[PDB]
There are 2 protein chains.
Amino acid sequence: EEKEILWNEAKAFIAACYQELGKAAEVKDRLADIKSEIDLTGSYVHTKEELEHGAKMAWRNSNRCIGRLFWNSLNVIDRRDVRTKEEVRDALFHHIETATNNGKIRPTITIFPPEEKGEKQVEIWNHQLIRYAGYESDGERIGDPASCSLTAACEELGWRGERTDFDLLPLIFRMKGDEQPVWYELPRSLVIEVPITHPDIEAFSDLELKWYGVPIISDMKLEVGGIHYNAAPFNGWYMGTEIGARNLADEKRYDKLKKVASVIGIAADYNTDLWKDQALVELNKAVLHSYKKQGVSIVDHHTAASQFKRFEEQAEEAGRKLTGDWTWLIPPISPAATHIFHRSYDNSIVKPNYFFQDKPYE
Amino acid sequence: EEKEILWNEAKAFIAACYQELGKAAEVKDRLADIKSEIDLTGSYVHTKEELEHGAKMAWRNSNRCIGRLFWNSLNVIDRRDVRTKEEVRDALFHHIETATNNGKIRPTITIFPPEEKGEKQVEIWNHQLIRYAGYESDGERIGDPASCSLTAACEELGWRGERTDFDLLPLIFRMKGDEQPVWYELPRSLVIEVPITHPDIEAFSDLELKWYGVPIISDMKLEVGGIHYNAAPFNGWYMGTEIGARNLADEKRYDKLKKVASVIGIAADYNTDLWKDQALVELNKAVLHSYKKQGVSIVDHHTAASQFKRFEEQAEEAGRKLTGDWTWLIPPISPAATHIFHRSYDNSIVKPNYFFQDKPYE
Ligand code: HEM
Ligand code: HEM
Ligand SMILES: C[C@H](O)[C@H](O)[C@H]1CNc2nc(N)[nH]c(=O)c2N1
Ligand SMILES: C[C@H](O)[C@H](O)[C@H]1CNc2nc(N)[nH]c(=O)c2N1
Ligand SMILES: NC(=[NH2+])NCCC[C@H](N)C(=O)O
Ligand SMILES: NC(=[NH2+])NCCC[C@H](N)C(=O)O
């Protein structure tokens, strides 16, 4: 009964994949081998070409992603060969190193062995390979609240954070057959961070803000032709607003707008002064300026939206249906200044794609 | 077959209305009289209490409206007695005068006779009672492009605009039985306008921007218990962003962001400078400052969202389901700074409500 779902998704995927690669004639024979493989083993194994293209298709189908113009240049790393936690660890270290690329970020995915009987071979606990810890204890708020539960979970495993506002969480994942995950401290040499300064307001440094260079989502499931890659961390480069308008701005995150208003020399007393709006703009300018000055890749929301429009045009020219989530595609500052705001998007789910998974902690 | 739809909507409305007014015991007898009235005449007539409460309920059900906290203080003007175009004209003039209230704006609706056999007694062509004309002719762009088609239609009726960027369109409506609408020039004494200045950037006046005080939507259908009030203009006061982030900012509208960037002394060369975002903030600050200085009612998007949150809480306490359109409720600047951005809204349609109608021009 499980073969049936796998087999149908496999047919849809290979037919569409090989079609796009111009391998339309090799479908029938490839489908046969897969049909046999499923019969024998209860599953099938992707060729490196299918795996690579499937990961690209999945990115192209990510309704919430504004950066999809570059779907076809994704660097896919096939690590389905890993069997030990040392190999997982070094694969994760390598992903960080190669995707970072000394600041000139390469969009990269590292693909680990897929679920077998729904049984995970590797289970990554981190939301992102690089992220800051969070602590709350009796009035105290330190670090990133979005990381509070994972941080508490790590401190159940013998790890202890310094309790600065920017503790790097260790990598934490569990191997099949083990009851507890293991954790490895990140080598600081691998992690680029960017101190946030303002182009012309020098007092901005007094906030002592910083953020990490590369956002590497590590807790989503990649689904390709019925195959479930629960462990397949991926990264692009940041859009400035993700850091300046959300991570550093949200009240449930770092909540820095009042402090920003102070250092840029404006009052934070009256809603009608639009001080939050003004602080958001200056904070987002500082973020863009800082990453650029540091030689770390980043994109502003206007350029990103322009690129996304080219993605829309490209899709129309190629005869492909466009899907998107309007509510996530619009940037959280000046959304009406982008074309995205003024059109509609079909939020249908197309596979291959990336999906949410339940968290092993909490 | 038309009695059936009317009768069912009537039952739902009166039962719910009288329930809310505490007139639950008078439902059965009122429903009887209506049932007879429909049988005899093919329609029924609302009491002043039902009409008033129905208009309020309709506002409360307006999924796109962030200002719904004040639904119950709506000033309803019953003008179902009008029969002549002079009476319509004077009713419209009065609505403008009383809603304006010397700048301290009163949320007001004037209700004209409803459709009979789907036949309109009064058909208002204006989108808003007060709005600026728009012209495009061989390269020329003057005024408000959103008004181009209506403006062209008026100039087919013997009206001629001065072709400034802020020509007030005449009132234009058609009476039942007439083939063409009539138009009446607005008395300037009735129309408050606000010149846009900046609190601390005096060069902002060089843009010579202004906007009108009161937004009075005049082309939507009010539906109450099966009765279709196609002509029922209503107004609240502005939220600043409607003017500063859309009317004056959109490229398909007044398109003023480059000129704003110039007068506030910033470059408009690089996306990464976030000059559009900065210009939007300063333009929206100027709008709020200008209306306040002029003694004309206005609300900023932060205060408006706070009020809307109270509307959410009030709804929960009263046992009423909340409905809303997330995509319209979020303000077009700093939406993530409002609570609205971070929750979901059921976009179901509940009646009574206000609906779109096809435009007689275009
Ligand atoms: C190349 C630069 C990229 C940019 C600028 C970009 C931009 C964005 C942004 C701004 C978001 C919203 C994130 C949030 O609000 O938290 C997003 C979401 C997303 N992006 Fe991209 N992205 C990029 C690359 C990629 C890559 C390489 C993949 C995967 C192969 C990807 C898949 C996704 C997915 C799955 C989401 C949704 C995540 C979620 O639901 O939480 N993107 N992207
Ligand atoms: C009291 C002050 C009010 C404020 C601040 C307010 C705020 C708003 C705003 C900002 C919008 C979005 C408009 C746009 O983007 O073009 C809106 C839409 C709307 N409001 Fe209100 N509103 C108010 C009063 C009213 C009143 C009195 C009514 C009717 C009785 C009403 C019914 C609506 C409707 C029907 C829409 C949707 C219009 C459309 O779909 O184009 N509002 N409101
Ligand atoms: C396509 C999209 O639904 C459309 O542009 C909407 C988005 N949200 C909006 N929200 C408001 N308040 N006003 C608008 O005109 C719009 N436009
Ligand atoms: C409730 C709402 O859907 C939710 O807050 C969404 C809105 N749009 C978003 N858009 C982006 N890019 N990121 C987010 O986290 C969210 N949050
Ligand atoms: N550009 C991206 N790939 N973003 C992925 C999500 C990152 C997340 N929003 C963050 O601020 O850390
Ligand atoms: N606050 C209101 N009632 N707004 C109604 C819509 C007005 C319209 N958005 C305008 O800018 O003219």
# chains A, B, ... in the order shown; residues from 1 in each chain; ligands from 1

$ select_by_dssp --residues "region 262-348 of chain B" --states "helix (DSSP H, G or I)" --output "MDAnalysis selection string"
chainID B and resid 262:263 271:273 275:294 301:317 326:329 335:337 340:342

$ interface_residues --of "chain A" --to "chain B" --cutoff "8 Å" --atoms "only C-alpha atoms" --output "mmCIF file with N, CA, C and O atoms, in the first residue's frame"
data_model
loop_
_atom_site.group_PDB
_atom_site.id
_atom_site.type_symbol
_atom_site.label_atom_id
_atom_site.label_comp_id
_atom_site.auth_asym_id
_atom_site.auth_seq_id
_atom_site.Cartn_x
_atom_site.Cartn_y
_atom_site.Cartn_z
ATOM 1 N N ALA A 245 14.059 43.905 9.393
ATOM 2 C CA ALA A 245 12.641 44.164 9.619
ATOM 3 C C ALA A 245 11.995 43.088 10.476
ATOM 4 O O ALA A 245 10.882 43.275 10.968
ATOM 5 N N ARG A 246 12.679 41.957 10.642
ATOM 6 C CA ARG A 246 12.108 40.843 11.401
ATOM 7 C C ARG A 246 13.015 40.362 12.547
ATOM 8 O O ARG A 246 12.688 40.563 13.722
ATOM 9 N N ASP A 250 11.243 42.529 15.302
ATOM 10 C CA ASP A 250 10.092 41.918 15.980
ATOM 11 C C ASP A 250 10.204 42.019 17.502
ATOM 12 O O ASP A 250 11.300 41.872 18.062
ATOM 13 N N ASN A 271 2.892 57.681 18.082
ATOM 14 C CA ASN A 271 2.626 56.872 16.893
ATOM 15 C C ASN A 271 2.634 57.731 15.626
ATOM 16 O O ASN A 271 3.145 57.314 14.586
ATOM 17 N N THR A 272 2.077 58.937 15.728
ATOM 18 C CA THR A 272 1.967 59.844 14.583
ATOM 19 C C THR A 272 3.312 60.357 14.048
ATOM 20 O O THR A 272 3.376 60.927 12.951
ATOM 21 N N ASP A 273 4.381 60.155 14.817
ATOM 22 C CA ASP A 273 5.719 60.539 14.372
ATOM 23 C C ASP A 273 6.295 59.474 13.455
ATOM 24 O O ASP A 273 7.325 59.694 12.806
ATOM 25 N N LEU A 274 5.625 58.321 13.415
ATOM 26 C CA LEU A 274 6.065 57.180 12.616
ATOM 27 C C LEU A 274 7.510 56.803 12.927
ATOM 28 O O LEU A 274 8.292 56.505 12.019
ATOM 29 N N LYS A 276 8.683 54.161 14.497
ATOM 30 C CA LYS A 276 8.985 52.755 14.228
ATOM 31 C C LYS A 276 9.343 52.595 12.756
ATOM 32 O O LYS A 276 10.286 51.878 12.407
ATOM 33 N N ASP A 277 8.585 53.273 11.897
ATOM 34 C CA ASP A 277 8.787 53.185 10.454
ATOM 35 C C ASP A 277 10.147 53.755 10.077
ATOM 36 O O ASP A 277 10.875 53.172 9.275
ATOM 37 N N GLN A 278 10.489 54.890 10.676
ATOM 38 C CA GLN A 278 11.762 55.554 10.411
ATOM 39 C C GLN A 278 12.927 54.712 10.927
ATOM 40 O O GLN A 278 13.968 54.597 10.273
ATOM 41 N N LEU A 280 12.888 51.436 11.348
ATOM 42 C CA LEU A 280 12.963 50.284 10.446
ATOM 43 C C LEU A 280 13.780 50.580 9.186
ATOM 44 O O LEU A 280 14.626 49.775 8.782
ATOM 45 N N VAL A 281 13.533 51.736 8.572
ATOM 46 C CA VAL A 281 14.269 52.118 7.371
ATOM 47 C C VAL A 281 15.759 52.246 7.651
ATOM 48 O O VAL A 281 16.579 51.696 6.917
ATOM 49 N N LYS A 285 18.787 49.923 6.244
ATOM 50 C CA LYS A 285 19.874 50.538 5.492
ATOM 51 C C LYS A 285 21.208 50.101 6.086
ATOM 52 O O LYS A 285 22.156 49.796 5.361
ATOM 53 N N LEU A 288 22.041 46.365 5.047
ATOM 54 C CA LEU A 288 22.532 46.300 3.667
ATOM 55 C C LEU A 288 23.947 46.857 3.552
ATOM 56 O O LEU A 288 24.826 46.240 2.938
ATOM 57 N N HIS A 289 24.158 48.026 4.149
ATOM 58 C CA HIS A 289 25.465 48.674 4.139
ATOM 59 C C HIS A 289 26.534 47.792 4.782
ATOM 60 O O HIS A 289 27.656 47.694 4.278
ATOM 61 N N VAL A 299 20.864 40.923 -0.688
ATOM 62 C CA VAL A 299 20.038 41.605 -1.686
ATOM 63 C C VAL A 299 18.980 42.451 -0.976
ATOM 64 O O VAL A 299 18.467 42.062 0.082
ATOM 65 N N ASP A 300 18.683 43.627 -1.521
ATOM 66 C CA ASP A 300 17.629 44.461 -0.951
ATOM 67 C C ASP A 300 16.291 44.011 -1.527
ATOM 68 O O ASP A 300 16.258 43.335 -2.559
ATOM 69 N N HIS A 302 13.909 45.542 -3.073
ATOM 70 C CA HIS A 302 13.487 46.076 -4.369
ATOM 71 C C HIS A 302 14.131 45.279 -5.498
ATOM 72 O O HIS A 302 13.466 44.896 -6.466
ATOM 73 N N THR A 303 15.436 45.043 -5.376
ATOM 74 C CA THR A 303 16.172 44.257 -6.363
ATOM 75 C C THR A 303 15.633 42.833 -6.390
ATOM 76 O O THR A 303 15.434 42.255 -7.460
ATOM 77 N N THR A 327 1.223 36.430 0.776
ATOM 78 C CA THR A 327 1.458 36.888 2.145
ATOM 79 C C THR A 327 2.908 36.747 2.612
ATOM 80 O O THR A 327 3.300 37.383 3.589
ATOM 81 N N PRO A 332 8.369 42.866 4.225
ATOM 82 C CA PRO A 332 7.725 43.467 5.402
ATOM 83 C C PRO A 332 7.968 44.969 5.537
ATOM 84 O O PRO A 332 7.484 45.570 6.502
ATOM 85 N N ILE A 333 8.712 45.568 4.609
ATOM 86 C CA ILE A 333 8.749 47.028 4.534
ATOM 87 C C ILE A 333 8.504 47.503 3.102
ATOM 88 O O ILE A 333 8.943 46.864 2.139
ATOM 89 N N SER A 334 7.782 48.615 2.979
ATOM 90 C CA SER A 334 7.345 49.154 1.688
ATOM 91 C C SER A 334 6.836 48.121 0.682
ATOM 92 O O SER A 334 7.235 48.165 -0.481
ATOM 93 N N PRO A 335 5.949 47.198 1.110
ATOM 94 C CA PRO A 335 5.549 46.172 0.138
ATOM 95 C C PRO A 335 4.838 46.743 -1.087
ATOM 96 O O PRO A 335 4.980 46.190 -2.172
ATOM 97 N N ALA A 336 4.095 47.834 -0.923
ATOM 98 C CA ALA A 336 3.359 48.424 -2.041
ATOM 99 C C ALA A 336 4.269 49.086 -3.084
ATOM 100 O O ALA A 336 3.813 49.494 -4.155
ATOM 101 N N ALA A 337 5.552 49.197 -2.761
ATOM 102 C CA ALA A 337 6.542 49.718 -3.701
ATOM 103 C C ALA A 337 7.051 48.615 -4.628
ATOM 104 O O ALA A 337 7.825 48.886 -5.554
#

$ residues_around --residues "region 227-238 of chain A" --least-positions-apart "6" --cutoff "9 Å" --atoms "only C-alpha atoms" --output "ChimeraX atom specification"
/A:6,9-10,43-46,67,74,92,95,99,105-116,118,120-124,128-129,213-221,296-300,355,357

$ residues_near_ligand --ligand "ligand 3" --cutoff "6 Å" --atoms "only C-alpha atoms and all ligand atoms" --output "PyMOL selection string"
(chain A and resi 341-344) or (chain B and resi 327-329)

$ write_last_selection --atoms "C-alpha atoms" --output "tab-separated table (two decimals), in the first residue's frame"
chain	number	residue	atom	x	y	z
A	341	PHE	CA	1.83	43.69	-3.81
A	342	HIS	CA	-0.30	44.59	-6.84
A	343	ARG	CA	-0.91	41.14	-8.33
A	344	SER	CA	-2.31	37.78	-7.22
B	327	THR	CA	-4.10	41.27	2.43
B	328	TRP	CA	-6.06	44.53	2.85
B	329	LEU	CA	-5.88	44.89	6.62

$ residues_around --residues "residue 52 (chain A)" --least-positions-apart "5" --cutoff "9 Å" --atoms "only C-alpha atoms" --output "list in words"
residues 47, 57, 74, 75, 76, 77 and 78 of chain A

$ select_by_dssp --residues "region 104-179 of chain B" --states "strand (DSSP E or B)" --output "ChimeraX atom specification"
/B:108-111,122-124,128,132,134-137,140-143,168,171-175

$ write_last_selection --atoms "N, CA and C atoms" --output "PDB file, in the first residue's frame"
ATOM      1  N   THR B 108     -20.271  58.755   8.479  1.00  0.00           N
ATOM      2  CA  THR B 108     -21.650  59.009   8.068  1.00  0.00           C
ATOM      3  C   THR B 108     -22.017  58.180   6.834  1.00  0.00           C
ATOM      4  N   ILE B 109     -23.264  57.714   6.771  1.00  0.00           N
ATOM      5  CA  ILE B 109     -23.804  57.126   5.546  1.00  0.00           C
ATOM      6  C   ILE B 109     -25.138  57.801   5.218  1.00  0.00           C
ATOM      7  N   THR B 110     -25.327  58.167   3.951  1.00  0.00           N
ATOM      8  CA  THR B 110     -26.616  58.671   3.477  1.00  0.00           C
ATOM      9  C   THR B 110     -27.222  57.564   2.634  1.00  0.00           C
ATOM     10  N   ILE B 111     -28.429  57.124   2.979  1.00  0.00           N
ATOM     11  CA  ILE B 111     -29.045  55.992   2.288  1.00  0.00           C
ATOM     12  C   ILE B 111     -30.188  56.424   1.371  1.00  0.00           C
ATOM     13  N   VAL B 122     -31.683  55.585  -8.177  1.00  0.00           N
ATOM     14  CA  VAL B 122     -30.606  56.563  -8.252  1.00  0.00           C
ATOM     15  C   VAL B 122     -29.310  55.796  -8.516  1.00  0.00           C
ATOM     16  N   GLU B 123     -28.523  56.256  -9.485  1.00  0.00           N
ATOM     17  CA  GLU B 123     -27.263  55.598  -9.836  1.00  0.00           C
ATOM     18  C   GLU B 123     -26.098  56.588  -9.772  1.00  0.00           C
ATOM     19  N   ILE B 124     -25.281  56.495  -8.722  1.00  0.00           N
ATOM     20  CA  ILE B 124     -24.152  57.411  -8.540  1.00  0.00           C
ATOM     21  C   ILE B 124     -22.917  56.937  -9.302  1.00  0.00           C
ATOM     22  N   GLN B 128     -15.834  58.321  -5.356  1.00  0.00           N
ATOM     23  CA  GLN B 128     -15.982  59.073  -4.113  1.00  0.00           C
ATOM     24  C   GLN B 128     -16.627  60.421  -4.414  1.00  0.00           C
ATOM     25  N   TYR B 132     -10.292  63.761  -7.311  1.00  0.00           N
ATOM     26  CA  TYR B 132      -9.593  64.566  -8.313  1.00  0.00           C
ATOM     27  C   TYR B 132      -9.652  63.946  -9.714  1.00  0.00           C
ATOM     28  N   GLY B 134      -8.571  63.088 -13.721  1.00  0.00           N
ATOM     29  CA  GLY B 134      -7.351  62.559 -14.300  1.00  0.00           C
ATOM     30  C   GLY B 134      -7.410  62.669 -15.807  1.00  0.00           C
ATOM     31  N   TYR B 135      -6.279  63.003 -16.419  1.00  0.00           N
ATOM     32  CA  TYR B 135      -6.229  63.184 -17.858  1.00  0.00           C
ATOM     33  C   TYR B 135      -4.982  62.518 -18.423  1.00  0.00           C
ATOM     34  N   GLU B 136      -5.148  61.831 -19.549  1.00  0.00           N
ATOM     35  CA  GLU B 136      -4.021  61.373 -20.354  1.00  0.00           C
ATOM     36  C   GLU B 136      -4.313  61.671 -21.816  1.00  0.00           C
ATOM     37  N   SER B 137      -3.418  62.416 -22.456  1.00  0.00           N
ATOM     38  CA  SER B 137      -3.556  62.739 -23.872  1.00  0.00           C
ATOM     39  C   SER B 137      -2.192  62.978 -24.502  1.00  0.00           C
ATOM     40  N   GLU B 140       0.825  63.355 -22.248  1.00  0.00           N
ATOM     41  CA  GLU B 140       0.474  64.120 -21.052  1.00  0.00           C
ATOM     42  C   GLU B 140      -0.166  63.258 -19.956  1.00  0.00           C
ATOM     43  N   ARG B 141       0.332  63.415 -18.735  1.00  0.00           N
ATOM     44  CA  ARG B 141      -0.305  62.834 -17.557  1.00  0.00           C
ATOM     45  C   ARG B 141      -0.609  63.955 -16.567  1.00  0.00           C
ATOM     46  N   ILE B 142      -1.895  64.201 -16.329  1.00  0.00           N
ATOM     47  CA  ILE B 142      -2.320  65.242 -15.398  1.00  0.00           C
ATOM     48  C   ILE B 142      -3.334  64.678 -14.411  1.00  0.00           C
ATOM     49  N   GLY B 143      -3.152  64.981 -13.128  1.00  0.00           N
ATOM     50  CA  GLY B 143      -4.122  64.595 -12.115  1.00  0.00           C
ATOM     51  C   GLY B 143      -4.045  63.138 -11.695  1.00  0.00           C
ATOM     52  N   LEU B 168     -11.419  69.143  -8.938  1.00  0.00           N
ATOM     53  CA  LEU B 168     -12.486  68.430  -8.249  1.00  0.00           C
ATOM     54  C   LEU B 168     -13.495  67.983  -9.302  1.00  0.00           C
ATOM     55  N   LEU B 171     -20.211  66.166  -8.997  1.00  0.00           N
ATOM     56  CA  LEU B 171     -21.065  65.039  -8.647  1.00  0.00           C
ATOM     57  C   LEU B 171     -21.748  64.616  -9.929  1.00  0.00           C
ATOM     58  N   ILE B 172     -21.850  63.314 -10.153  1.00  0.00           N
ATOM     59  CA  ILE B 172     -22.513  62.837 -11.354  1.00  0.00           C
ATOM     60  C   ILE B 172     -23.294  61.569 -11.063  1.00  0.00           C
ATOM     61  N   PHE B 173     -24.596  61.632 -11.316  1.00  0.00           N
ATOM     62  CA  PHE B 173     -25.488  60.521 -11.026  1.00  0.00           C
ATOM     63  C   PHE B 173     -26.633  60.536 -12.018  1.00  0.00           C
ATOM     64  N   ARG B 174     -27.277  59.388 -12.196  1.00  0.00           N
ATOM     65  CA  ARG B 174     -28.399  59.288 -13.122  1.00  0.00           C
ATOM     66  C   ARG B 174     -29.665  58.873 -12.377  1.00  0.00           C
ATOM     67  N   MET B 175     -30.763  59.578 -12.637  1.00  0.00           N
ATOM     68  CA  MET B 175     -32.052  59.249 -12.037  1.00  0.00           C
ATOM     69  C   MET B 175     -32.752  58.189 -12.879  1.00  0.00           C
TER      70      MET B 175
END

$ decode --residues "region 250-272 of chain B" --atoms "N, CA, C and O atoms" --output "PDB file, in the first residue's frame"
ATOM      1  N   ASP B 250       2.032  55.474  -5.396  1.00  0.00           N
ATOM      2  CA  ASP B 250       1.919  54.508  -6.497  1.00  0.00           C
ATOM      3  C   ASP B 250       2.368  55.107  -7.831  1.00  0.00           C
ATOM      4  O   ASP B 250       2.097  56.282  -8.115  1.00  0.00           O
ATOM      5  N   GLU B 251       3.034  54.301  -8.656  1.00  0.00           N
ATOM      6  CA  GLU B 251       3.458  54.758  -9.977  1.00  0.00           C
ATOM      7  C   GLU B 251       2.260  54.999 -10.895  1.00  0.00           C
ATOM      8  O   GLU B 251       2.294  55.884 -11.756  1.00  0.00           O
ATOM      9  N   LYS B 252       1.201  54.219 -10.694  1.00  0.00           N
ATOM     10  CA  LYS B 252      -0.027  54.352 -11.474  1.00  0.00           C
ATOM     11  C   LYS B 252      -0.956  55.433 -10.890  1.00  0.00           C
ATOM     12  O   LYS B 252      -2.063  55.654 -11.392  1.00  0.00           O
ATOM     13  N   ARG B 253      -0.505  56.094  -9.825  1.00  0.00           N
ATOM     14  CA  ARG B 253      -1.231  57.234  -9.263  1.00  0.00           C
ATOM     15  C   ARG B 253      -0.398  58.503  -9.428  1.00  0.00           C
ATOM     16  O   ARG B 253       0.041  58.810 -10.537  1.00  0.00           O
ATOM     17  N   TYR B 254      -0.177  59.243  -8.344  1.00  0.00           N
ATOM     18  CA  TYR B 254       0.556  60.510  -8.453  1.00  0.00           C
ATOM     19  C   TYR B 254       2.082  60.354  -8.570  1.00  0.00           C
ATOM     20  O   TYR B 254       2.766  61.281  -9.016  1.00  0.00           O
ATOM     21  N   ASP B 255       2.603  59.192  -8.178  1.00  0.00           N
ATOM     22  CA  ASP B 255       4.003  58.829  -8.445  1.00  0.00           C
ATOM     23  C   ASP B 255       5.019  59.871  -7.947  1.00  0.00           C
ATOM     24  O   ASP B 255       5.879  60.312  -8.704  1.00  0.00           O
ATOM     25  N   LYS B 256       4.934  60.248  -6.674  1.00  0.00           N
ATOM     26  CA  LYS B 256       5.725  61.378  -6.166  1.00  0.00           C
ATOM     27  C   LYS B 256       7.030  61.031  -5.432  1.00  0.00           C
ATOM     28  O   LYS B 256       7.711  61.933  -4.942  1.00  0.00           O
ATOM     29  N   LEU B 257       7.394  59.752  -5.359  1.00  0.00           N
ATOM     30  CA  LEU B 257       8.535  59.351  -4.525  1.00  0.00           C
ATOM     31  C   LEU B 257       9.894  59.946  -4.944  1.00  0.00           C
ATOM     32  O   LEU B 257      10.699  60.320  -4.088  1.00  0.00           O
ATOM     33  N   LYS B 258      10.153  60.030  -6.245  1.00  0.00           N
ATOM     34  CA  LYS B 258      11.404  60.626  -6.717  1.00  0.00           C
ATOM     35  C   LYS B 258      11.494  62.093  -6.318  1.00  0.00           C
ATOM     36  O   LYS B 258      12.544  62.563  -5.872  1.00  0.00           O
ATOM     37  N   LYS B 259      10.389  62.813  -6.491  1.00  0.00           N
ATOM     38  CA  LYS B 259      10.332  64.224  -6.127  1.00  0.00           C
ATOM     39  C   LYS B 259      10.466  64.408  -4.616  1.00  0.00           C
ATOM     40  O   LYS B 259      11.087  65.369  -4.150  1.00  0.00           O
ATOM     41  N   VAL B 260       9.894  63.484  -3.850  1.00  0.00           N
ATOM     42  CA  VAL B 260      10.045  63.519  -2.397  1.00  0.00           C
ATOM     43  C   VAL B 260      11.509  63.325  -2.011  1.00  0.00           C
ATOM     44  O   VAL B 260      12.047  64.067  -1.185  1.00  0.00           O
ATOM     45  N   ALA B 261      12.153  62.329  -2.613  1.00  0.00           N
ATOM     46  CA  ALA B 261      13.550  62.041  -2.307  1.00  0.00           C
ATOM     47  C   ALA B 261      14.409  63.269  -2.579  1.00  0.00           C
ATOM     48  O   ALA B 261      15.335  63.574  -1.824  1.00  0.00           O
ATOM     49  N   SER B 262      14.087  63.980  -3.654  1.00  0.00           N
ATOM     50  CA  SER B 262      14.796  65.206  -3.993  1.00  0.00           C
ATOM     51  C   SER B 262      14.660  66.291  -2.916  1.00  0.00           C
ATOM     52  O   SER B 262      15.662  66.866  -2.477  1.00  0.00           O
ATOM     53  N   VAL B 263      13.428  66.570  -2.496  1.00  0.00           N
ATOM     54  CA  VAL B 263      13.190  67.638  -1.524  1.00  0.00           C
ATOM     55  C   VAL B 263      13.659  67.299  -0.110  1.00  0.00           C
ATOM     56  O   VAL B 263      13.951  68.208   0.673  1.00  0.00           O
ATOM     57  N   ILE B 264      13.730  66.011   0.225  1.00  0.00           N
ATOM     58  CA  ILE B 264      14.264  65.622   1.532  1.00  0.00           C
ATOM     59  C   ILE B 264      15.784  65.452   1.462  1.00  0.00           C
ATOM     60  O   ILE B 264      16.437  65.106   2.450  1.00  0.00           O
ATOM     61  N   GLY B 265      16.341  65.703   0.284  1.00  0.00           N
ATOM     62  CA  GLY B 265      17.783  65.749   0.126  1.00  0.00           C
ATOM     63  C   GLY B 265      18.501  64.415   0.113  1.00  0.00           C
ATOM     64  O   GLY B 265      19.648  64.333   0.560  1.00  0.00           O
ATOM     65  N   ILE B 266      17.848  63.372  -0.396  1.00  0.00           N
ATOM     66  CA  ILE B 266      18.522  62.084  -0.561  1.00  0.00           C
ATOM     67  C   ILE B 266      18.596  61.652  -2.029  1.00  0.00           C
ATOM     68  O   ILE B 266      17.762  62.040  -2.853  1.00  0.00           O
ATOM     69  N   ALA B 267      19.615  60.860  -2.353  1.00  0.00           N
ATOM     70  CA  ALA B 267      19.778  60.323  -3.704  1.00  0.00           C
ATOM     71  C   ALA B 267      18.726  59.258  -4.015  1.00  0.00           C
ATOM     72  O   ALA B 267      18.339  58.484  -3.135  1.00  0.00           O
ATOM     73  N   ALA B 268      18.278  59.222  -5.269  1.00  0.00           N
ATOM     74  CA  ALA B 268      17.345  58.197  -5.730  1.00  0.00           C
ATOM     75  C   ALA B 268      18.000  57.332  -6.802  1.00  0.00           C
ATOM     76  O   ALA B 268      17.390  57.037  -7.836  1.00  0.00           O
ATOM     77  N   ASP B 269      19.239  56.916  -6.539  1.00  0.00           N
ATOM     78  CA  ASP B 269      20.047  56.216  -7.532  1.00  0.00           C
ATOM     79  C   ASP B 269      20.143  54.704  -7.298  1.00  0.00           C
ATOM     80  O   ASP B 269      20.141  53.923  -8.258  1.00  0.00           O
ATOM     81  N   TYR B 270      20.247  54.292  -6.033  1.00  0.00           N
ATOM     82  CA  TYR B 270      20.530  52.891  -5.715  1.00  0.00           C
ATOM     83  C   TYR B 270      19.429  52.241  -4.875  1.00  0.00           C
ATOM     84  O   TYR B 270      18.990  52.809  -3.867  1.00  0.00           O
ATOM     85  N   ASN B 271      18.988  51.054  -5.293  1.00  0.00           N
ATOM     86  CA  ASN B 271      17.999  50.299  -4.524  1.00  0.00           C
ATOM     87  C   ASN B 271      18.482  50.052  -3.093  1.00  0.00           C
ATOM     88  O   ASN B 271      17.703  50.135  -2.143  1.00  0.00           O
ATOM     89  N   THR B 272      19.775  49.764  -2.949  1.00  0.00           N
ATOM     90  CA  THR B 272      20.363  49.453  -1.644  1.00  0.00           C
ATOM     91  C   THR B 272      20.372  50.628  -0.654  1.00  0.00           C
ATOM     92  O   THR B 272      20.614  50.438   0.545  1.00  0.00           O
TER      93      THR B 272
END
